[PDB]
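Asks: Below is a structure I'd like to ask you about.
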Amino acid sequence: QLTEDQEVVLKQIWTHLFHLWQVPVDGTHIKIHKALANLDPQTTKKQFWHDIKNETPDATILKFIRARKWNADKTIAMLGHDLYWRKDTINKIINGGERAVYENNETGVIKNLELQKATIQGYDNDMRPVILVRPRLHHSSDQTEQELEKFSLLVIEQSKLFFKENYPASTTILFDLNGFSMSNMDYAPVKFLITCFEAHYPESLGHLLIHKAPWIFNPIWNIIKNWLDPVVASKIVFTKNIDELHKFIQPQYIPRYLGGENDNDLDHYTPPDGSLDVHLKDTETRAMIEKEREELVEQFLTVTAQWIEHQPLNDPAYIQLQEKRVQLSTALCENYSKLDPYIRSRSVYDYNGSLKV
Ligand SMILES: CCCCCCCC/C=C\CCCCCCCC(=O)O[C@H](COC(=O)CCCCCCCCCCCCCCCCC)COP(=O)(O)O[C@@H]1[C@H](O)[C@H](O)[C@@H](O)[C@H](O)[C@H]1O
């Protein structure tokens with residue numbers, strides 16, 4: 001749970017947002033802010049709530065509030081910038097999946113998926129989804145920079161689809177540098193993705209694992225972290241053996257080829273043939289659910305405005321309001337789970353049975 005100062009900052013952000021979406025609210029009790037100031041009310045509203053899929057809205061927002069140390073203004077800055085860069089693109093990327101990438105015969109997205117350069121391989125001790133990246137299979141000639149940005153966003157939004165409630169909504173990355181030579185190195189997309197990520201997927205990384213990777217390419221890190229942001233630095237962990245991989249991942253998900261019991265096909269990819277995508281046709285059912293969901297969103301906005309105003313904090317009605325907001329959030333999560341088969345092409349992880357939403 002949050003404390004009273006924390007709820008203060010969360011209220012400040014939600015207020016800014018309703019002021020963008022023109023829903024009524026009285027912030028004072030505790031006109032448009034400049035970071036948001038070039039965003040369109042109807043559009044940004046619709047997009048932000050399409051982007052709220054299996055996490056609660058408060059969580060979606062508190063991630064940005066934490067990534068800026070609870071400073072209201074830089075938080076609204078970072079967040080409005082996220083909205084202006086995400087819009088309805090990421091939605092489209094993940095709902096079209098691999099299927100509309102194959103369909104649109106986008107060459108680089110297809111090589112990257114086929115390479116299994118980046119893939120989802122299971123869970124760590126904290127039930128976070130884990131992404132195997134093995135750069136020994138990257139070449140800058142395979143894909144264009146923007147196609148690589150798209151493959152990355154897709155892999156990560158697939159990792160987000162796994163998010164266990166009551167467990168971290170972050171993703172662990174296993175970087176197998178085993179096999180890495182200077183043929184494979186492409187700095188431009190790396191920087192671009194890291195900027196992409198820190199500004200747009202804040203508080204989304206659990207651990208950055210560097211496994212059985214060079215034996216002296218660990219030392220220099222160990223005091224550089226004092227000059228790095230302590231949070232991300234503590235997230236990065238260098239391991240060099242399956243015994244150090246047991247500290248983080250359970251043996252059933254570590255691949256065999258590193259000493260695990262996960263026997264997945266790592267060299268042959270079985271792309272979605274579209275056969276669980278049968279509910280992409282039910283336009284009537286999808287709208288049935290989407291109207292129920294808009295009912296939900298309006299309830300949430302009204303209750304959230306009430307919350308932003310109502311005084312005091314010890315008032316019974318206030319605990320009533322908190323309850324309802326949690327009720328609503330959960331209703332919206334259950335609802336997305338109903339909606340999913342009607343908006344989202346089944347992904348490779350839908351077919352093998354690793355992903356249930
Ligand atoms: C050679 C090319 C390889 C092709 C290989 C390309 C294929 C890979 C495609 C996708 C891979 C997976 C996506 C990665 C998402 C990682 C999550 C993430 O966003 O990481 C961010 C941190 O940066 C990173 O994790 C590094 C990015 C990892 C993977 C993306 C690029 C991969 C390129 C790797 C280089 C080569 C391999 C070596 C391994 C090094 C790993 C970088 C956010 O940190 P976080 O603590 O979670 O929140 C921040 C917040 O956000 C900040 O603002 C705040 O200031 C701060 O206080 C915190 O709150």
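Quick note on naming: the chains in the structure tokens go A, B, ... in the order shown, residues restart at 1 in each chain, and ligands are numbered from 1 in order of appearance.
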Select the residues contacting ligand 1 at a distance of at most 7 Å, based on only C-alpha atoms and all ligand atoms, then format the selection as a ChimeraX atom specification.

Replies: /A:66-68,117-118,131,133,135,138,148,151-153,155-156,171,173,175,177,184-187,189-190,193-194,197-206,208,229,231-232,235

Asks: List every residue of stretch 23-260 of chain A that DSSP, applied to the backbone, labels as strand (DSSP E or B), and write the result as a VMD selection string.

Replies: chain A and resid 118 to 124 129 to 133 171 to 176 205 to 211 236 to 238 249 255

Asks: Could you tell me how far atom CA of residue A:47 sits from atom CA of residue A:9, in Å to one decimal place?

Replies: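 Going from atom CA of residue A:9 over to atom CA of residue A:47, I get 22.8 Å.
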
Asks: Go through stretch 100-208 of chain A and collect every residue that DSSP, computed from the backbone, puts in alpha helix (DSSP H); the answer should be as a PyMOL selection string.

Replies: chain A and resi 100-103+107-115+145-160+187-200

Asks: Could you dump the residues just selected with N, CA and C atoms as a compact mmCIF listing (two decimals), in the first residue's frame?

Replies:
```txt
# COMPACT_ATOMS: atom_id res chain seq x y z
N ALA A 100 0.38 -10.25 -38.26
CA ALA A 100 0.32 -9.13 -39.21
C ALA A 100 1.70 -8.64 -39.61
N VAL A 101 2.76 -9.10 -38.95
CA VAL A 101 4.12 -8.87 -39.41
C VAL A 101 4.45 -9.79 -40.57
N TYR A 102 4.12 -11.07 -40.43
CA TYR A 102 4.22 -12.00 -41.55
C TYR A 102 3.33 -11.58 -42.70
N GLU A 103 2.11 -11.17 -42.38
CA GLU A 103 1.16 -10.75 -43.40
C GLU A 103 1.69 -9.55 -44.17
N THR A 107 10.44 -7.54 -43.65
CA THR A 107 11.56 -8.48 -43.78
C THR A 107 12.35 -8.62 -42.47
N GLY A 108 12.68 -7.50 -41.83
CA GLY A 108 13.54 -7.55 -40.65
C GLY A 108 12.85 -8.07 -39.40
N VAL A 109 11.59 -7.69 -39.20
CA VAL A 109 10.85 -8.27 -38.09
C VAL A 109 10.82 -9.79 -38.23
N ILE A 110 10.72 -10.28 -39.47
CA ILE A 110 10.60 -11.71 -39.70
C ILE A 110 11.94 -12.41 -39.46
N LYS A 111 13.06 -11.82 -39.92
CA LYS A 111 14.35 -12.42 -39.59
C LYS A 111 14.57 -12.48 -38.08
N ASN A 112 14.26 -11.39 -37.37
CA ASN A 112 14.51 -11.36 -35.93
C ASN A 112 13.68 -12.40 -35.20
N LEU A 113 12.39 -12.50 -35.52
CA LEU A 113 11.57 -13.55 -34.93
C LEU A 113 12.11 -14.93 -35.28
N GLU A 114 12.44 -15.13 -36.56
CA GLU A 114 12.93 -16.42 -37.01
C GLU A 114 14.26 -16.76 -36.35
N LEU A 115 15.13 -15.77 -36.16
CA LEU A 115 16.39 -16.02 -35.48
C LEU A 115 16.20 -16.43 -34.03
N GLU A 145 17.24 -0.39 -38.69
CA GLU A 145 17.15 0.06 -37.31
C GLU A 145 15.69 0.15 -36.86
N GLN A 146 14.82 0.70 -37.70
CA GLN A 146 13.44 0.86 -37.26
C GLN A 146 12.71 -0.48 -37.18
N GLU A 147 13.04 -1.42 -38.07
CA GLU A 147 12.49 -2.76 -37.94
C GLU A 147 12.98 -3.42 -36.64
N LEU A 148 14.19 -3.07 -36.18
CA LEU A 148 14.69 -3.66 -34.94
C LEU A 148 14.02 -3.06 -33.72
N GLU A 149 13.78 -1.75 -33.74
CA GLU A 149 12.92 -1.10 -32.75
C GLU A 149 11.56 -1.81 -32.67
N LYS A 150 10.98 -2.17 -33.82
CA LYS A 150 9.69 -2.86 -33.80
C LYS A 150 9.80 -4.27 -33.21
N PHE A 151 10.80 -5.06 -33.62
CA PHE A 151 10.97 -6.39 -33.02
C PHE A 151 11.12 -6.29 -31.50
N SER A 152 11.87 -5.29 -31.03
CA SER A 152 12.11 -5.14 -29.60
C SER A 152 10.82 -4.82 -28.87
N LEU A 153 10.11 -3.80 -29.33
CA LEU A 153 8.85 -3.47 -28.71
C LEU A 153 7.92 -4.67 -28.69
N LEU A 154 7.93 -5.48 -29.75
CA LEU A 154 7.02 -6.62 -29.75
C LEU A 154 7.44 -7.66 -28.72
N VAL A 155 8.72 -7.97 -28.65
CA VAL A 155 9.18 -8.94 -27.67
C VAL A 155 8.82 -8.47 -26.27
N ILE A 156 8.98 -7.19 -26.00
CA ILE A 156 8.75 -6.76 -24.64
C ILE A 156 7.25 -6.72 -24.33
N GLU A 157 6.41 -6.30 -25.29
CA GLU A 157 4.97 -6.29 -25.03
C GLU A 157 4.43 -7.71 -24.87
N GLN A 158 5.06 -8.67 -25.54
CA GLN A 158 4.78 -10.06 -25.25
C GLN A 158 5.21 -10.41 -23.84
N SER A 159 6.31 -9.85 -23.38
CA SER A 159 6.69 -10.20 -22.02
C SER A 159 5.73 -9.60 -21.03
N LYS A 160 5.17 -8.45 -21.38
CA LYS A 160 4.21 -7.78 -20.50
C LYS A 160 2.92 -8.55 -20.42
N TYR A 187 25.94 -0.79 -32.33
CA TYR A 187 25.78 0.09 -31.18
C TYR A 187 24.53 0.95 -31.30
N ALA A 188 24.29 1.47 -32.50
CA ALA A 188 23.23 2.42 -32.77
C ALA A 188 21.89 1.91 -32.24
N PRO A 189 21.44 0.72 -32.62
CA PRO A 189 20.17 0.25 -32.04
C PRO A 189 20.27 0.00 -30.56
N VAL A 190 21.45 -0.32 -30.04
CA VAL A 190 21.54 -0.60 -28.61
C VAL A 190 21.23 0.66 -27.82
N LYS A 191 21.99 1.73 -28.06
CA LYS A 191 21.68 3.04 -27.48
C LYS A 191 20.22 3.41 -27.70
N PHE A 192 19.74 3.23 -28.92
CA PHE A 192 18.39 3.68 -29.25
C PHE A 192 17.36 2.92 -28.45
N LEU A 193 17.59 1.62 -28.26
CA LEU A 193 16.69 0.81 -27.46
C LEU A 193 16.79 1.17 -25.99
N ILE A 194 18.00 1.44 -25.51
CA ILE A 194 18.14 1.77 -24.10
C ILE A 194 17.47 3.10 -23.80
N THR A 195 17.58 4.07 -24.70
CA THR A 195 16.85 5.31 -24.52
C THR A 195 15.34 5.07 -24.61
N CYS A 196 14.89 4.42 -25.70
CA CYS A 196 13.53 3.90 -25.84
C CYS A 196 13.02 3.37 -24.51
N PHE A 197 13.79 2.47 -23.92
CA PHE A 197 13.34 1.69 -22.79
C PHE A 197 13.30 2.52 -21.51
N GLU A 198 14.40 3.19 -21.17
CA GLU A 198 14.38 3.92 -19.91
C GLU A 198 13.36 5.04 -19.93
N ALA A 199 13.06 5.59 -21.10
CA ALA A 199 12.08 6.67 -21.10
C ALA A 199 10.66 6.17 -21.29
N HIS A 200 10.48 4.95 -21.77
CA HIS A 200 9.15 4.47 -22.13
C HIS A 200 8.72 3.20 -21.42
```

Asks: List the spatial neighbours of residue A:335 as a list in words - criterion: any atom at most 10 Å away, only C-alpha atoms, same-chain residues fewer than 3 positions off excluded.

Replies: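 These residues fall inside the cut-off: residues 53, 54, 289, 290, 292, 293, 296, 329, 330, 331, 332, 338, 339 and 340 of chain A.
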
Asks: May I have the selected residues written with N, CA and C atoms, as an mmCIF file, in the first residue's frame?

Replies:
```cif
data_model
loop_
_atom_site.group_PDB
_atom_site.id
_atom_site.type_symbol
_atom_site.label_atom_id
_atom_site.label_comp_id
_atom_site.auth_asym_id
_atom_site.auth_seq_id
_atom_site.Cartn_x
_atom_site.Cartn_y
_atom_site.Cartn_z
ATOM 1 N N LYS A 53 -4.025 -2.979 -20.042
ATOM 2 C CA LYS A 53 -4.501 -4.299 -20.436
ATOM 3 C C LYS A 53 -4.594 -5.278 -19.288
ATOM 4 N N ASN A 54 -3.519 -5.634 -18.593
ATOM 5 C CA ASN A 54 -3.674 -6.599 -17.507
ATOM 6 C C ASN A 54 -2.998 -6.133 -16.233
ATOM 7 N N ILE A 289 -18.114 -6.442 -25.358
ATOM 8 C CA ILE A 289 -17.158 -6.321 -24.266
ATOM 9 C C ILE A 289 -16.603 -4.899 -24.182
ATOM 10 N N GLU A 290 -16.275 -4.271 -25.329
ATOM 11 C CA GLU A 290 -15.647 -2.950 -25.277
ATOM 12 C C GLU A 290 -16.593 -1.897 -24.714
ATOM 13 N N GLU A 292 -18.952 -2.677 -22.426
ATOM 14 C CA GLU A 292 -18.916 -2.959 -20.994
ATOM 15 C C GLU A 292 -17.678 -2.331 -20.349
ATOM 16 N N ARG A 293 -16.551 -2.401 -21.050
ATOM 17 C CA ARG A 293 -15.307 -1.830 -20.551
ATOM 18 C C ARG A 293 -15.371 -0.306 -20.441
ATOM 19 N N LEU A 296 -16.975 0.618 -17.412
ATOM 20 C CA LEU A 296 -15.993 0.514 -16.342
ATOM 21 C C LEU A 296 -15.094 1.744 -16.264
ATOM 22 N N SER A 329 -10.623 -1.586 -10.653
ATOM 23 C CA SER A 329 -9.384 -2.046 -11.277
ATOM 24 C C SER A 329 -9.455 -3.533 -11.593
ATOM 25 N N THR A 330 -9.904 -4.323 -10.631
ATOM 26 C CA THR A 330 -9.961 -5.749 -10.880
ATOM 27 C C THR A 330 -11.020 -6.089 -11.915
ATOM 28 N N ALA A 331 -12.159 -5.400 -11.872
ATOM 29 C CA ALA A 331 -13.168 -5.632 -12.894
ATOM 30 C C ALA A 331 -12.581 -5.416 -14.276
ATOM 31 N N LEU A 332 -11.789 -4.351 -14.422
ATOM 32 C CA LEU A 332 -11.170 -3.997 -15.696
ATOM 33 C C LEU A 332 -10.139 -5.044 -16.133
ATOM 34 N N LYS A 338 -11.386 -11.213 -20.754
ATOM 35 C CA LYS A 338 -12.509 -11.569 -21.644
ATOM 36 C C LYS A 338 -12.279 -11.062 -23.057
ATOM 37 N N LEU A 339 -11.765 -9.837 -23.156
ATOM 38 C CA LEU A 339 -11.642 -9.154 -24.428
ATOM 39 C C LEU A 339 -10.549 -9.771 -25.278
ATOM 40 N N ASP A 340 -9.435 -10.150 -24.650
ATOM 41 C CA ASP A 340 -8.184 -10.494 -25.337
ATOM 42 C C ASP A 340 -8.388 -11.324 -26.604
#
```

Asks: Of the residues A:88, A:142, A:309, A:82, which is the one nearest to residue A:43, using only C-alpha atoms?

Replies: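 Answer, going by the shortest atom-to-atom distance: A:88.
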
Asks: Quick one: residues within 8 Å of residue A:15, only C-alpha atoms counted, chain neighbours fewer than 3 positions away excluded, as a PyMOL selection string?

Replies: chain A and resi 11-12+18-19+25+27+305+308
